[PDB]
Every structure is written in C-alpha cells, then in structure tokens.
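Chemist: sequence? don't have it. structure:
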C-alpha cells in the first residue's frame with residue numbers, strides 16, 4: 001500500500017502510471033496531490049507519504065539536504081513543457097502575440113512561490129516584458145496549483161492560462177482550444193525530481209516503484225503525456 005504524493009501537474013500521468021504498475025505487479029498505490037511547495041512543507045511536517053513527485057528539483061534537493069529524503073533516491077523522472085492555453089479556439093496564436101494585447105480578460109497563473117509551473121509562466125511574462133503591465137492591470141489571477149490554473153482555464157473562468165502539456169494533450173496527441181508553447185529560452189526548464197521519504201515503512205516497495213518509473217513502460221507513458229526525459 002504505497003502512499004504517493006505528487007505535484008498537481010503530474011496527477012493524471014501518475015494515475016496512468018499507477019494503473020499500469022498495478023496491472024503488472026498487483027500493487028495498488030494511493031495517490032495524493034498538491035502544489036510542490038505545500039507538499040514539501042507537509043513532508044517536513046511529517047506527512048506519512050512514501051514517495052514524492054515534485055514539479056522541480058529544489059524541493060527534493062532540500063528534503064535530501066535536510067535528511068527527510070532517503071539518501072540516493074533522488075532522480076529526474078520527467079521534464080515538463082509549459083503551455084499557454086485557452087479553451088477558445090483561435091484566441092492563442094502560435095507565436096504568443098496574444099499576451100501583449102487586450103483581446104482577453106484574465107490569465108490563470110499558478111502561484112510562483114509554490115507551484116513551479118507558475119514560476120515558469122511568470123518567467124515567460126518577464127521574458128516578454130509583460131509581467132509588470134499585466135500585474136498592474138490586475139489581469140493575472142493567482143491559482144494555488146497548476147491543477148487549479150488548468151481547471152480555471154478549462155472551464156473558461158480564465159480566458160488564458162499557463163498549464164502543463166500533460167493536462168491538455170489528448171490520447172491521439174491533439175490539444176483542444178488554442179495553445180502556444182513558449183520557446184525553451186523563455187523560462188528555465190521544468191526539471192521534475194522525485195524522492196523516497198526516508199521514514200517510509202515500505203522501503204522495498206518504494207524502491208521497486210522508483211525503479212519501475214525509470215523502465216520502458218513508465219517512460220513511454222511519461223512521454224505520451226508530453227514530458228521529456230534526461231538525455
């Protein structure tokens with residue numbers, strides 16, 4: 001009974017992974033999710049999780065340094081891809097020029113202090129010189145996770161949103177609405193690391209799952225969700 005907590009970007013992908021791991025091994029996983037910052041704080045506050053999938057390297061690195069992570073268990077399990085998305089077809093152009101105009105109301109951006117996909121979206125606005133203007137105009141609506149940014153954008157509560165590719169890519173590889181991938185030099189890469197929680201009471205099972213996460217079937221599921229893997 002492995003208890004796994006994930007940054008919200010990776011929830012849907014982890015559900016797919018957990019389903020496949022259960023089919024192969026008979027082991028069931030209990031998934032929890034939240035923004036990377038708050039999940040880190042819950043772990044430091046003794047939350048009884050076995051494995052943590054962050055949306056960054058910083059939280060796993062801090063847990064390792066502070067003695068909360070099992071030594072040697074930290075690794076990069078996926079590299080995300082930031083997307084500017086709208087549920088409305090035709091609103092987001094393929095060069096992101098929409099961001100500099102007034103043809104939309106709000107943009108959902110997860111809180112950059114706690115959600116790495118929010119940090120990435122904020123970095124894109126800084127790269128374009130639009131963060132100050134959109135902040136002054138009160139057009140940025142702070143979401144508490146990229147799960148919430150995606151929810152707000154998917155319902156149209158926000159005309160635009162900065163989300164994870166995994167949240168919007170479909171089984172056939174299509175993406176509904178409209179979208180723009182900010183180039184890789186517009187934000188720092190979203191390098192996602194995982195750790196085993198040192199206090200786990202299921203060490204062997206946690207290590208088995210962490211090993212499986214690097215294997216061919218897990219990697220194929222991760223890539224199908226639009227993530228990349230270290231070269």
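Modeler: Happy to help now that I have it. Numbering: from 1, shown residues only.
Chemist: rest of the way, CA atoms for contacts and neighbours
Modeler: Will do.
Chemist: Residue 231: neighbour count?
Modeler: Residues lying near residue 231 (other C-alpha atoms under 10 Å) number 3.
Chemist: Residue 121 too?
Modeler: Using other C-alpha under 10 Å, the number of residues around residue 121 comes to 27.
Chemist: Next up, the contacts around it.
Modeler: For residue 121, the contact set (C-alpha atoms under 8 Å, 6 or more residues apart in numbering) comprises 82, 109, 162, 187.
Chemist: Highest neighbour count among the residues you listed?
Modeler: Going by other C-alpha under 10 Å, residue 109 tops those with 31 neighbours.
Chemist: Can you point out the helix or strand that includes that one?
Modeler: Secondary-structure element containing residue 109, defined by DSSP states H and E: strand 107-110.
Chemist: Give the buried residues for that strand.
Modeler: Applying a neighbour-count criterion of 16 or more other C-alpha atoms under 10 Å, one finds 107, 108, 109, 110 buried in strand 107-110.
Chemist: what bridges to the first one?
Modeler: Legend: beta-bridge partners of residue 107 under DSSP bridges are residue 140, residue 160.
Chemist: Look up how far residue 116 lies from it.
Modeler: Distance, residue 107 to residue 116, by C-alpha to C-alpha, to the nearest Å: 16 Å.
Chemist: just the second one next, same as before
Modeler: Using C-alpha to C-alpha, one gets 14 Å for the distance from residue 108 to residue 116.
Chemist: Over to the last one?
Modeler: With distances defined as C-alpha to C-alpha, the gap from residue 110 to residue 116 amounts to 8 Å.
Chemist: And the strands in this protein, which stretches?
Modeler: Using DSSP state E, the strands of the chain run over residues 2-7, 29-34, 51-53, 75-79, 82-86, 107-110, 140-143, 160-164, 178-180, 191-196.
Chemist: Make JSON lines from those strands and add distance to residue 99 to it.
Modeler: Compiled in JSON lines, the strands of the chain are given as follows (distance: least, C-alpha to C-alpha, whole Å):
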{"stretch": "strand 2-7", "distance to residue 99": "26"}
{"stretch": "strand 29-34", "distance to residue 99": "28"}
{"stretch": "strand 51-53", "distance to residue 99": "31"}
{"stretch": "strand 75-79", "distance to residue 99": "25"}
{"stretch": "strand 82-86", "distance to residue 99": "9"}
{"stretch": "strand 107-110", "distance to residue 99": "9"}
{"stretch": "strand 140-143", "distance to residue 99": "11"}
{"stretch": "strand 160-164", "distance to residue 99": "9"}
{"stretch": "strand 178-180", "distance to residue 99": "10"}
{"stretch": "strand 191-196", "distance to residue 99": "25"}
